[PDB]
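Participant: Supplied structure: model.cif, mmCIF, N, CA and C atoms and all ligand atoms.
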data_final
#
loop_
_atom_site.group_PDB
_atom_site.id
_atom_site.type_symbol
_atom_site.label_atom_id
_atom_site.label_comp_id
_atom_site.auth_asym_id
_atom_site.auth_seq_id
_atom_site.Cartn_x
_atom_site.Cartn_y
_atom_site.Cartn_z
ATOM 1 N N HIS A 1796 59.968 -45.535 50.360
ATOM 2 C CA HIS A 1796 58.729 -45.629 51.123
ATOM 3 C C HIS A 1796 58.201 -44.218 51.416
ATOM 4 N N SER A 1797 58.742 -43.245 50.679
ATOM 5 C CA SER A 1797 58.045 -41.995 50.439
ATOM 6 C C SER A 1797 56.880 -42.373 49.540
ATOM 7 N N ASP A 1798 57.077 -43.491 48.848
ATOM 8 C CA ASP A 1798 56.045 -44.230 48.140
ATOM 9 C C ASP A 1798 54.858 -44.557 49.039
ATOM 10 N N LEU A 1799 55.070 -45.456 49.998
ATOM 11 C CA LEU A 1799 53.974 -45.946 50.827
ATOM 12 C C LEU A 1799 53.506 -44.923 51.853
ATOM 13 N N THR A 1800 54.290 -43.868 52.043
ATOM 14 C CA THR A 1800 53.846 -42.749 52.860
ATOM 15 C C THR A 1800 52.834 -41.937 52.069
ATOM 16 N N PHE A 1801 53.109 -41.759 50.782
ATOM 17 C CA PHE A 1801 52.193 -41.038 49.913
ATOM 18 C C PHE A 1801 50.902 -41.822 49.705
ATOM 19 N N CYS A 1802 51.008 -43.148 49.674
ATOM 20 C CA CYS A 1802 49.831 -44.000 49.541
ATOM 21 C C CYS A 1802 48.896 -43.781 50.723
ATOM 22 N N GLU A 1803 49.483 -43.614 51.903
ATOM 23 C CA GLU A 1803 48.721 -43.298 53.104
ATOM 24 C C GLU A 1803 48.075 -41.922 52.985
ATOM 25 N N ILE A 1804 48.827 -40.965 52.450
ATOM 26 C CA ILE A 1804 48.332 -39.604 52.278
ATOM 27 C C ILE A 1804 47.140 -39.561 51.327
ATOM 28 N N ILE A 1805 47.291 -40.189 50.166
ATOM 29 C CA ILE A 1805 46.268 -40.124 49.132
ATOM 30 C C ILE A 1805 45.049 -40.982 49.481
ATOM 31 N N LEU A 1806 45.258 -42.046 50.253
ATOM 32 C CA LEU A 1806 44.147 -42.889 50.682
ATOM 33 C C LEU A 1806 43.301 -42.148 51.708
ATOM 34 N N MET A 1807 43.968 -41.500 52.659
ATOM 35 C CA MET A 1807 43.299 -40.702 53.680
ATOM 36 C C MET A 1807 42.520 -39.554 53.048
ATOM 37 N N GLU A 1808 43.131 -38.923 52.050
ATOM 38 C CA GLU A 1808 42.487 -37.825 51.339
ATOM 39 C C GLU A 1808 41.273 -38.328 50.565
ATOM 40 N N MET A 1809 41.371 -39.544 50.037
ATOM 41 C CA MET A 1809 40.250 -40.149 49.330
ATOM 42 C C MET A 1809 39.160 -40.577 50.306
ATOM 43 N N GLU A 1810 39.564 -41.117 51.453
ATOM 44 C CA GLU A 1810 38.616 -41.551 52.477
ATOM 45 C C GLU A 1810 37.773 -40.397 53.015
ATOM 46 N N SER A 1811 38.376 -39.215 53.099
ATOM 47 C CA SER A 1811 37.711 -38.054 53.683
ATOM 48 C C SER A 1811 37.074 -37.154 52.627
ATOM 49 N N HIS A 1812 37.166 -37.562 51.365
ATOM 50 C CA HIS A 1812 36.613 -36.778 50.265
ATOM 51 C C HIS A 1812 35.086 -36.775 50.313
ATOM 52 N N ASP A 1813 34.484 -35.688 49.840
ATOM 53 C CA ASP A 1813 33.030 -35.545 49.839
ATOM 54 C C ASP A 1813 32.339 -36.587 48.961
ATOM 55 N N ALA A 1814 32.975 -36.939 47.848
ATOM 56 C CA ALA A 1814 32.378 -37.856 46.881
ATOM 57 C C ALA A 1814 32.802 -39.303 47.117
ATOM 58 N N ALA A 1815 33.299 -39.589 48.316
ATOM 59 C CA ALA A 1815 33.855 -40.905 48.617
ATOM 60 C C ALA A 1815 32.824 -41.881 49.171
ATOM 61 N N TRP A 1816 31.608 -41.400 49.407
ATOM 62 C CA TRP A 1816 30.577 -42.212 50.055
ATOM 63 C C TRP A 1816 30.222 -43.546 49.363
ATOM 64 N N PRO A 1817 30.344 -43.647 48.022
ATOM 65 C CA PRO A 1817 30.001 -44.979 47.509
ATOM 66 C C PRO A 1817 31.125 -46.004 47.661
ATOM 67 N N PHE A 1818 32.321 -45.555 48.031
ATOM 68 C CA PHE A 1818 33.496 -46.422 47.986
ATOM 69 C C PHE A 1818 34.149 -46.652 49.347
ATOM 70 N N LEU A 1819 33.511 -46.170 50.409
ATOM 71 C CA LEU A 1819 34.055 -46.328 51.753
ATOM 72 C C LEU A 1819 33.992 -47.781 52.214
ATOM 73 N N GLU A 1820 32.886 -48.449 51.906
ATOM 74 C CA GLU A 1820 32.689 -49.840 52.299
ATOM 75 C C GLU A 1820 32.420 -50.714 51.077
ATOM 76 N N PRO A 1821 32.697 -52.026 51.186
ATOM 77 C CA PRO A 1821 32.398 -52.954 50.090
ATOM 78 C C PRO A 1821 30.923 -52.930 49.705
ATOM 79 N N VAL A 1822 30.640 -53.062 48.414
ATOM 80 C CA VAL A 1822 29.265 -53.121 47.935
ATOM 81 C C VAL A 1822 28.574 -54.376 48.461
ATOM 82 N N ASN A 1823 27.376 -54.205 49.012
ATOM 83 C CA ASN A 1823 26.591 -55.332 49.504
ATOM 84 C C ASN A 1823 25.772 -55.950 48.376
ATOM 85 N N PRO A 1824 26.179 -57.144 47.914
ATOM 86 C CA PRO A 1824 25.528 -57.812 46.782
ATOM 87 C C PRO A 1824 24.074 -58.176 47.074
ATOM 88 N N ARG A 1825 23.737 -58.315 48.352
ATOM 89 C CA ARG A 1825 22.363 -58.586 48.757
ATOM 90 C C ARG A 1825 21.469 -57.381 48.479
ATOM 91 N N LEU A 1826 22.058 -56.192 48.537
ATOM 92 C CA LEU A 1826 21.308 -54.951 48.381
ATOM 93 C C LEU A 1826 21.393 -54.401 46.963
ATOM 94 N N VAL A 1827 22.386 -54.860 46.211
ATOM 95 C CA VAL A 1827 22.609 -54.358 44.863
ATOM 96 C C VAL A 1827 22.467 -55.475 43.836
ATOM 97 N N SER A 1828 21.334 -55.481 43.141
ATOM 98 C CA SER A 1828 21.011 -56.536 42.187
ATOM 99 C C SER A 1828 21.959 -56.555 40.991
ATOM 100 N N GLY A 1829 22.570 -57.711 40.752
ATOM 101 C CA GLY A 1829 23.409 -57.907 39.583
ATOM 102 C C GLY A 1829 24.878 -57.591 39.790
ATOM 103 N N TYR A 1830 25.221 -57.044 40.952
ATOM 104 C CA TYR A 1830 26.595 -56.627 41.215
ATOM 105 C C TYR A 1830 27.546 -57.819 41.284
ATOM 106 N N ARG A 1831 27.098 -58.888 41.935
ATOM 107 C CA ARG A 1831 27.880 -60.114 42.049
ATOM 108 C C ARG A 1831 28.225 -60.670 40.672
ATOM 109 N N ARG A 1832 27.252 -60.607 39.770
ATOM 110 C CA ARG A 1832 27.389 -61.152 38.424
ATOM 111 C C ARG A 1832 28.285 -60.298 37.526
ATOM 112 N N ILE A 1833 28.166 -58.980 37.647
ATOM 113 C CA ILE A 1833 28.856 -58.062 36.747
ATOM 114 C C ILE A 1833 30.288 -57.748 37.189
ATOM 115 N N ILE A 1834 30.479 -57.502 38.481
ATOM 116 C CA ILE A 1834 31.803 -57.160 38.998
ATOM 117 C C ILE A 1834 32.549 -58.391 39.506
ATOM 118 N N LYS A 1835 33.631 -58.741 38.818
ATOM 119 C CA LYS A 1835 34.407 -59.933 39.149
ATOM 120 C C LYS A 1835 35.354 -59.699 40.322
ATOM 121 N N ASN A 1836 36.033 -58.557 40.314
ATOM 122 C CA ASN A 1836 36.980 -58.225 41.371
ATOM 123 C C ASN A 1836 36.597 -56.943 42.100
ATOM 124 N N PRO A 1837 35.689 -57.054 43.083
ATOM 125 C CA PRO A 1837 35.248 -55.894 43.863
ATOM 126 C C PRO A 1837 36.388 -55.283 44.672
ATOM 127 N N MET A 1838 36.370 -53.964 44.823
ATOM 128 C CA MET A 1838 37.408 -53.267 45.570
ATOM 129 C C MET A 1838 36.869 -51.954 46.126
ATOM 130 N N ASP A 1839 37.295 -51.610 47.336
ATOM 131 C CA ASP A 1839 36.856 -50.380 47.981
ATOM 132 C C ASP A 1839 37.971 -49.798 48.841
ATOM 133 N N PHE A 1840 37.700 -48.660 49.469
ATOM 134 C CA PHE A 1840 38.722 -47.949 50.230
ATOM 135 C C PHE A 1840 39.076 -48.649 51.541
ATOM 136 N N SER A 1841 38.082 -49.245 52.195
ATOM 137 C CA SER A 1841 38.319 -49.935 53.462
ATOM 138 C C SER A 1841 39.159 -51.191 53.251
ATOM 139 N N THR A 1842 38.911 -51.884 52.144
ATOM 140 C CA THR A 1842 39.688 -53.065 51.788
ATOM 141 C C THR A 1842 41.135 -52.671 51.504
ATOM 142 N N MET A 1843 41.310 -51.559 50.796
ATOM 143 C CA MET A 1843 42.637 -51.014 50.535
ATOM 144 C C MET A 1843 43.287 -50.551 51.834
ATOM 145 N N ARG A 1844 42.470 -50.017 52.737
ATOM 146 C CA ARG A 1844 42.943 -49.563 54.041
ATOM 147 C C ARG A 1844 43.465 -50.728 54.876
ATOM 148 N N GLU A 1845 42.704 -51.819 54.906
ATOM 149 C CA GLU A 1845 43.087 -52.999 55.675
ATOM 150 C C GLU A 1845 44.403 -53.588 55.179
ATOM 151 N N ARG A 1846 44.559 -53.655 53.861
ATOM 152 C CA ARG A 1846 45.765 -54.209 53.259
ATOM 153 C C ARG A 1846 46.969 -53.295 53.473
ATOM 154 N N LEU A 1847 46.728 -51.988 53.464
ATOM 155 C CA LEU A 1847 47.805 -51.013 53.603
ATOM 156 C C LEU A 1847 48.389 -51.005 55.012
ATOM 157 N N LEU A 1848 47.516 -50.998 56.016
ATOM 158 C CA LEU A 1848 47.947 -51.004 57.410
ATOM 159 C C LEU A 1848 48.770 -52.247 57.717
ATOM 160 N N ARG A 1849 48.354 -53.365 57.135
ATOM 161 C CA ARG A 1849 48.963 -54.661 57.395
ATOM 162 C C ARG A 1849 50.131 -54.867 56.412
ATOM 163 N N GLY A 1850 50.540 -53.771 55.775
ATOM 164 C CA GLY A 1850 51.708 -53.748 54.908
ATOM 165 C C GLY A 1850 51.642 -54.663 53.699
ATOM 166 N N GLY A 1851 50.426 -54.997 53.279
ATOM 167 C CA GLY A 1851 50.222 -55.946 52.200
ATOM 168 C C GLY A 1851 50.519 -55.428 50.806
ATOM 169 N N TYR A 1852 50.972 -54.183 50.704
ATOM 170 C CA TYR A 1852 51.325 -53.619 49.406
ATOM 171 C C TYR A 1852 52.834 -53.619 49.208
ATOM 172 N N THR A 1853 53.301 -54.434 48.267
ATOM 173 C CA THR A 1853 54.725 -54.525 47.965
ATOM 174 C C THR A 1853 55.286 -53.171 47.535
ATOM 175 N N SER A 1854 54.469 -52.398 46.827
ATOM 176 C CA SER A 1854 54.916 -51.128 46.271
ATOM 177 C C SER A 1854 53.744 -50.269 45.781
ATOM 178 N N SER A 1855 54.063 -49.093 45.249
ATOM 179 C CA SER A 1855 53.042 -48.100 44.932
ATOM 180 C C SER A 1855 52.210 -48.454 43.701
ATOM 181 N N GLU A 1856 52.771 -49.236 42.786
ATOM 182 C CA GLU A 1856 52.035 -49.609 41.582
ATOM 183 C C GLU A 1856 50.912 -50.582 41.924
ATOM 184 N N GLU A 1857 51.132 -51.406 42.945
ATOM 185 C CA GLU A 1857 50.090 -52.306 43.427
ATOM 186 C C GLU A 1857 48.946 -51.523 44.057
ATOM 187 N N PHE A 1858 49.292 -50.484 44.811
ATOM 188 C CA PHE A 1858 48.299 -49.630 45.451
ATOM 189 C C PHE A 1858 47.459 -48.903 44.409
ATOM 190 N N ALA A 1859 48.124 -48.387 43.380
ATOM 191 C CA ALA A 1859 47.446 -47.655 42.316
ATOM 192 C C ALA A 1859 46.506 -48.564 41.530
ATOM 193 N N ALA A 1860 46.893 -49.828 41.390
ATOM 194 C CA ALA A 1860 46.092 -50.800 40.653
ATOM 195 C C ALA A 1860 44.751 -51.048 41.338
ATOM 196 N N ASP A 1861 44.764 -51.084 42.666
ATOM 197 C CA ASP A 1861 43.539 -51.282 43.434
ATOM 198 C C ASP A 1861 42.643 -50.051 43.365
ATOM 199 N N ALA A 1862 43.255 -48.873 43.419
ATOM 200 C CA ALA A 1862 42.509 -47.622 43.345
ATOM 201 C C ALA A 1862 41.787 -47.495 42.009
ATOM 202 N N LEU A 1863 42.499 -47.781 40.923
ATOM 203 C CA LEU A 1863 41.916 -47.722 39.587
ATOM 204 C C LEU A 1863 40.854 -48.803 39.400
ATOM 205 N N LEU A 1864 41.017 -49.916 40.108
ATOM 206 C CA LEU A 1864 40.049 -51.006 40.058
ATOM 207 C C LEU A 1864 38.712 -50.563 40.644
ATOM 208 N N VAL A 1865 38.773 -49.748 41.693
ATOM 209 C CA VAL A 1865 37.575 -49.190 42.312
ATOM 210 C C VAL A 1865 36.764 -48.388 41.299
ATOM 211 N N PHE A 1866 37.459 -47.568 40.521
ATOM 212 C CA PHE A 1866 36.812 -46.668 39.576
ATOM 213 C C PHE A 1866 36.463 -47.373 38.268
ATOM 214 N N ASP A 1867 37.191 -48.439 37.953
ATOM 215 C CA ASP A 1867 36.860 -49.266 36.797
ATOM 216 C C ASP A 1867 35.567 -50.032 37.052
ATOM 217 N N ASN A 1868 35.444 -50.587 38.254
ATOM 218 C CA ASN A 1868 34.227 -51.280 38.658
ATOM 219 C C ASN A 1868 33.037 -50.329 38.687
ATOM 220 N N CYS A 1869 33.280 -49.109 39.153
ATOM 221 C CA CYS A 1869 32.233 -48.100 39.251
ATOM 222 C C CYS A 1869 31.655 -47.758 37.881
ATOM 223 N N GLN A 1870 32.533 -47.585 36.899
ATOM 224 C CA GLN A 1870 32.109 -47.228 35.550
ATOM 225 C C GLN A 1870 31.500 -48.420 34.821
ATOM 226 N N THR A 1871 31.871 -49.623 35.246
ATOM 227 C CA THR A 1871 31.331 -50.839 34.650
ATOM 228 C C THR A 1871 29.887 -51.066 35.088
ATOM 229 N N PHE A 1872 29.617 -50.861 36.373
ATOM 230 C CA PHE A 1872 28.297 -51.159 36.917
ATOM 231 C C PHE A 1872 27.336 -49.976 36.868
ATOM 232 N N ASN A 1873 27.862 -48.768 37.039
ATOM 233 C CA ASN A 1873 27.009 -47.594 37.164
ATOM 234 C C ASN A 1873 27.040 -46.684 35.942
ATOM 235 N N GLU A 1874 25.880 -46.122 35.614
ATOM 236 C CA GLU A 1874 25.775 -45.133 34.550
ATOM 237 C C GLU A 1874 26.595 -43.898 34.906
ATOM 238 N N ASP A 1875 27.094 -43.205 33.888
ATOM 239 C CA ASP A 1875 27.899 -42.008 34.101
ATOM 240 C C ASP A 1875 27.081 -40.886 34.735
ATOM 241 N N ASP A 1876 25.780 -40.870 34.455
ATOM 242 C CA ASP A 1876 24.906 -39.819 34.965
ATOM 243 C C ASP A 1876 24.171 -40.242 36.236
ATOM 244 N N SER A 1877 24.471 -41.441 36.726
ATOM 245 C CA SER A 1877 23.909 -41.901 37.992
ATOM 246 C C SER A 1877 24.637 -41.232 39.150
ATOM 247 N N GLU A 1878 24.018 -41.238 40.326
ATOM 248 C CA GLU A 1878 24.599 -40.596 41.502
ATOM 249 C C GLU A 1878 25.935 -41.224 41.889
ATOM 250 N N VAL A 1879 26.003 -42.552 41.836
ATOM 251 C CA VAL A 1879 27.245 -43.262 42.121
ATOM 252 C C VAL A 1879 28.278 -42.993 41.031
ATOM 253 N N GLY A 1880 27.830 -43.025 39.779
ATOM 254 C CA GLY A 1880 28.700 -42.774 38.644
ATOM 255 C C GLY A 1880 29.318 -41.388 38.667
ATOM 256 N N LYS A 1881 28.516 -40.388 39.018
ATOM 257 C CA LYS A 1881 29.000 -39.013 39.096
ATOM 258 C C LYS A 1881 30.027 -38.862 40.214
ATOM 259 N N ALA A 1882 29.765 -39.512 41.343
ATOM 260 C CA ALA A 1882 30.691 -39.494 42.469
ATOM 261 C C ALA A 1882 31.996 -40.194 42.106
ATOM 262 N N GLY A 1883 31.887 -41.260 41.317
ATOM 263 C CA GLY A 1883 33.046 -42.027 40.896
ATOM 264 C C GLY A 1883 33.986 -41.254 39.992
ATOM 265 N N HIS A 1884 33.419 -40.483 39.070
ATOM 266 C CA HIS A 1884 34.220 -39.680 38.155
ATOM 267 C C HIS A 1884 34.997 -38.604 38.908
ATOM 268 N N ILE A 1885 34.367 -38.029 39.927
ATOM 269 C CA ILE A 1885 35.024 -37.040 40.774
ATOM 270 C C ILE A 1885 36.191 -37.672 41.522
ATOM 271 N N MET A 1886 35.954 -38.850 42.089
ATOM 272 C CA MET A 1886 36.983 -39.559 42.841
ATOM 273 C C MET A 1886 38.105 -40.060 41.937
ATOM 274 N N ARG A 1887 37.743 -40.519 40.743
ATOM 275 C CA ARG A 1887 38.728 -41.023 39.792
ATOM 276 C C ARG A 1887 39.664 -39.912 39.330
ATOM 277 N N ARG A 1888 39.091 -38.765 38.975
ATOM 278 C CA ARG A 1888 39.885 -37.616 38.555
ATOM 279 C C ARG A 1888 40.756 -37.110 39.699
ATOM 280 N N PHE A 1889 40.218 -37.154 40.914
ATOM 281 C CA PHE A 1889 40.962 -36.725 42.092
ATOM 282 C C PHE A 1889 42.192 -37.597 42.310
ATOM 283 N N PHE A 1890 42.007 -38.911 42.214
ATOM 284 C CA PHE A 1890 43.106 -39.848 42.411
ATOM 285 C C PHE A 1890 44.208 -39.643 41.381
ATOM 286 N N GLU A 1891 43.834 -39.667 40.106
ATOM 287 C CA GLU A 1891 44.794 -39.515 39.018
ATOM 288 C C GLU A 1891 45.547 -38.191 39.106
ATOM 289 N N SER A 1892 44.866 -37.151 39.575
ATOM 290 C CA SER A 1892 45.485 -35.838 39.711
ATOM 291 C C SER A 1892 46.551 -35.826 40.805
ATOM 292 N N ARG A 1893 46.178 -36.289 41.994
ATOM 293 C CA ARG A 1893 47.093 -36.315 43.133
ATOM 294 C C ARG A 1893 48.213 -37.327 42.933
ATOM 295 N N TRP A 1894 47.891 -38.442 42.285
ATOM 296 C CA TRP A 1894 48.874 -39.489 42.045
ATOM 297 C C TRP A 1894 49.956 -39.021 41.081
ATOM 298 N N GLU A 1895 49.554 -38.282 40.054
ATOM 299 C CA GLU A 1895 50.489 -37.857 39.019
ATOM 300 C C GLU A 1895 51.315 -36.645 39.433
ATOM 301 N N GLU A 1896 50.717 -35.740 40.201
ATOM 302 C CA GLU A 1896 51.430 -34.545 40.643
ATOM 303 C C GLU A 1896 52.516 -34.892 41.663
ATOM 304 N N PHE A 1897 52.591 -36.168 42.025
ATOM 305 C CA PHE A 1897 53.619 -36.654 42.935
ATOM 306 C C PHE A 1897 54.640 -37.526 42.213
ATOM 307 N N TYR A 1898 54.151 -38.409 41.345
ATOM 308 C CA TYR A 1898 55.017 -39.309 40.591
ATOM 309 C C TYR A 1898 55.271 -38.786 39.181
HETATM 310 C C1 LIG B 1 21.124 -50.056 44.139
HETATM 311 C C2 LIG B 1 22.330 -49.241 44.547
HETATM 312 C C3 LIG B 1 23.458 -49.368 43.552
HETATM 313 O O1 LIG B 1 23.225 -49.622 42.387
HETATM 314 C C4 LIG B 1 24.877 -49.173 44.024
HETATM 315 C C5 LIG B 1 25.257 -48.928 45.330
HETATM 316 N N1 LIG B 1 26.593 -48.814 45.340
HETATM 317 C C6 LIG B 1 27.084 -48.979 44.100
HETATM 318 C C7 LIG B 1 28.544 -48.915 43.726
HETATM 319 O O2 LIG B 1 28.934 -49.416 42.692
HETATM 320 O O3 LIG B 1 29.437 -48.259 44.589
HETATM 321 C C8 LIG B 1 30.787 -48.621 44.419
HETATM 322 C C9 LIG B 1 26.019 -49.205 43.247
#
Can the structure from this file be put into structure tokens for me?
Ligand SMILES: CCC(=O)c1c[nH]c(C(=O)OC)c1
Facilitator:
Amino acid sequence: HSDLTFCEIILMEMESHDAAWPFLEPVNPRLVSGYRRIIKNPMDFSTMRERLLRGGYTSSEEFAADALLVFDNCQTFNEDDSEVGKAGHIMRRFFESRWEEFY
């Protein structure tokens, strides 16, 4: 559980990141046309936060799966040169970097 301690570390670092603004809260399908249709399994940092505090992560691979899901959804719905897309690539590279330099 140096595992789940690190998950707390990297989640907090992601939550406080400059490019984290599109992923702090769940996407509002009422405000974003087509998101409900295109993204099957929505995921964000607050949802990951809620599950983490309540100990809902069996292990670190489950945590990583949700994090990558956030960035997979981002690249699926948003253009790479869009403001959200650009922020997503920064966050995705940040996660993979910090995650790997530990594991
Ligand atoms: C219309 C705004 C929009 O397309 C959008 C807002 N948030 C996202 C998103 O995918 O953030 C995760 C897309």
Participant: With a distance cut-off of 12 Å and only C-alpha atoms, select the neighbouring residues of residue 1893 in chain A, excluding the residue or stretch itself and same-chain residues fewer than 2 positions from it, and output the selection as a VMD selection string.
Facilitator: chain A and resid 1801 to 1802 1804 to 1806 1808 to 1809 1859 1886 to 1891 1895 to 1898
Participant: Using CA of residue 1854 in chain A and CA of residue 1799 in chain A as the two end points, give the distance in Å to one decimal.
Facilitator: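 One can read the CA of residue 1854 in chain A to CA of residue 1799 in chain A distance as 7.0 Å.
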Participant: For atom N of residue 1836 in chain A and atom C of residue 1818 in chain A, quote the distance in Å rounded to one decimal.
Facilitator: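 Computed distance, atom N of residue 1836 in chain A to atom C of residue 1818 in chain A, equals 15.1 Å.
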Participant: For the provided coordinates, the residues matched by the PyMOL selection byres (((not hetatm)) within 6.5 of (chain B and resi 1)) should be stated as a ChimeraX atom specification.
Facilitator: /A:1817-1818,1822,1826-1828,1868-1869,1872-1873,1879
Participant: DSSP on the backbone: what in chain A comes out helix (DSSP H, G or I), as number ranges by chain?
Facilitator: A: 1797-1810, 1813-1815, 1830-1833, 1840-1848, 1855-1872, 1878-1895
Participant: For a cut-off of 8 Å around (39.4, -49.0, 53.3), file coordinates, pick out all residues using only N, CA and C atoms and list them as a list in words.
Facilitator: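 With a cut-off of 8 Å, the residues come to residues 1810, 1818, 1819, 1820, 1821, 1839, 1840, 1841, 1842, 1843, 1844, 1845, 1846 and 1847 of chain A.
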Participant: To one decimal place in Å, what is the distance between CA of residue 1861 in chain A and CA of residue 1838 in chain A?
Facilitator: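 Pair CA of residue 1861 in chain A / CA of residue 1838 in chain A returns 6.8 Å.
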